[PDB]
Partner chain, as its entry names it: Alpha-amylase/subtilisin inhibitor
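This document starts with one chain, in the form deposited without the partner chain, laid out as structure tokens.
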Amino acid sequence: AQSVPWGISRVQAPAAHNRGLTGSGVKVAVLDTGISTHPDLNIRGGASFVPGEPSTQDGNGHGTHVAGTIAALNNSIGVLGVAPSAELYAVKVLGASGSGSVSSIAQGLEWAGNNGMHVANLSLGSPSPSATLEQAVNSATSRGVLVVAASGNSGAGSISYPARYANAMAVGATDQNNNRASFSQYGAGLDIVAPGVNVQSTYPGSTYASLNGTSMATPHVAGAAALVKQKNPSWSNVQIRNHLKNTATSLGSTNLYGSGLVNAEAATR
């Protein structure tokens, strides 16, 4: 039996699925620790930019988990992604330890742009700025990619980099009530929020696990972007971003929530 995680229902993905919108034909890159082969995922390619770790398989778990929130397959097992037919690309920029370099991440962003990705999910961040990262976020954007990035887990009223750069769509985390998760960074530049507490998804070893974080929120929005792109294949990254914001469920307090809670039903109505 397939389970639909609370957050998948909260963003109203099944409503989109019932309109025939699943992310089919939309290329989504997961820039993370890799993606491990899993019965509830279809991985269509990718690349590694981590020195000494040339496989795209996930030695950490984080990337696999993020990937299933985007695109776990719609079937009789496991969980269900926001965009269960999205074309997943594993872009390994973080090592098995969970950390990487500005150089790896920028290389992944270059790859995403050059390989025609429609969405790049960056469930990663740092408190310190990077001109290299900024340039790379702008590069992927110029090449037509919608870059979606986590706000961070410090609980502070400023958001992490690269989410703080204008051309990254910054995503915060809500709890099961739609209140800001205690850890979710907020403040200037936050675009939108999504479920980020007790999020069940795919995990290495053909298993499932629950995790907390803005890293879990971010893929809900990357998946929503993919639904919108399937519906509107002529739309740019900016049009998609704007529509997601304009159709989000307002939570008030934009400092805390940005435009509010991402709503895949409203976005595909």
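Positions refer to the first chain, counted from 1.
The discussion below concerns the form solved in complex with the partner chain, not included here.
Which of 227-235, 25-33, 240-248, 38-46 lines the interface with the partner chain in the deposited complex (heavy atom within 4.5 Å): That would be 25-33.
One residue of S99, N75, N178, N198 in contact with the partner chain, assessed in the deposited complex (non-hydrogen atom, 4.5 angstroms): Only one listed residue qualifies here, and that residue is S99.
If the cut-off is 4.5 angstroms on heavy atoms, which of these, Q107, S126, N167, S139, is the one near the partner chain in the deposited complex? In short, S126.
With the partner left out here, if you bring back the partner chain in the deposited complex, are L133, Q185 and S215 all within 4.5 Å of it by some heavy atom? Every residue of the candidate spot has a heavy atom within 4.5 Å of the partner chain in the deposited complex.
4.5 angstroms heavy atom contact with the partner chain in the deposited complex for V82: Result no; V82 lies far from the partner chain in the deposited complex.
In the deposited complex, does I192 have a heavy atom within 4.5 Å of the partner chain? No, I192 sits far enough from the partner chain in the deposited complex that none of its heavy atoms falls within 4.5 Å.
With the cut-off set at 4.5 Å between non-hydrogen atoms, does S160 touch the partner chain in the deposited complex? Close contact exists here: in the deposited complex, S160 approaches the partner chain to within 4.5 Å, heavy atoms only.
Distance check, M117 to the partner chain in the deposited complex, heavy atom within 4.5 Å: Because no heavy atom of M117 falls inside 4.5 Å of the partner chain in the deposited complex, the answer is no.
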